[PDB]
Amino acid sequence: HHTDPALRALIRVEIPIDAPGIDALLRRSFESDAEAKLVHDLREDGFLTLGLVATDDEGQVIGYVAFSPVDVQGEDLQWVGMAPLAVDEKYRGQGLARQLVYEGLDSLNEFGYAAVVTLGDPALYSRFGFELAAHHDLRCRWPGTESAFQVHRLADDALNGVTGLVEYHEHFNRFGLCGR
């Protein structure tokens, strides 16, 4: 008895040739082009800490997650903010977002980062281990985010004694991003 290998998407760090595919995915996946424009600007200016792509058998980008640096109370503690996160509508419900976030966080830990923040629906991000940032006395700069701003430590004690304003790069101060 022979079983055909199951068809699956591979996840890896993005490379330059992926940019147009990432852009197309972001434009088609969100309600506005803000996410695509954000990623373009972060990459162009050197503030995209890490990006991971999920690709189909032909190498087409079908999923994406990115991370950029954030400071806390104006200091660099090796924290990052996760955004955006997208899976092509053709591949939704297959566990690819879960995998992208897990691998992202695992890679970040491997490379010495201490925590990851994100802004979004807690009904989604809590599934991946994120906790409400307000419970740890952490906030972002935007209004109406106390229920959506979240944090995932990468070390058990990473959040202890770390409080206040978590600042994203200024490229995030554009309108229409998910979670805002």
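The first residue of the shown sequence is 1; numbering continues from there.
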ask   = Is the mean CA B factor in the deposited entry higher across 40 to 48 or across 63 to 71?
value = 40 to 48
Higher-B stretch (mean Cα B-factor, as the entry records it), 75 to 83 or 100 to 108 = 75 to 83
message = By the CA temperature factor listed in this entry, which of these ranks top: 31, 137, 131, 35?
response = 31
ask   = Would the CA B-factor of residue 155 place it in the lowest, middle or highest third of its chain?
value = highest
request  = Ordered by C-alpha B-factor within the chain, which third holds residue 9? Give me lowest, middle or highest, please.
outcome  = highest
query = Among the chain's modelled residues, which third holds the C-alpha B-factor of residue 17?
reply = highest
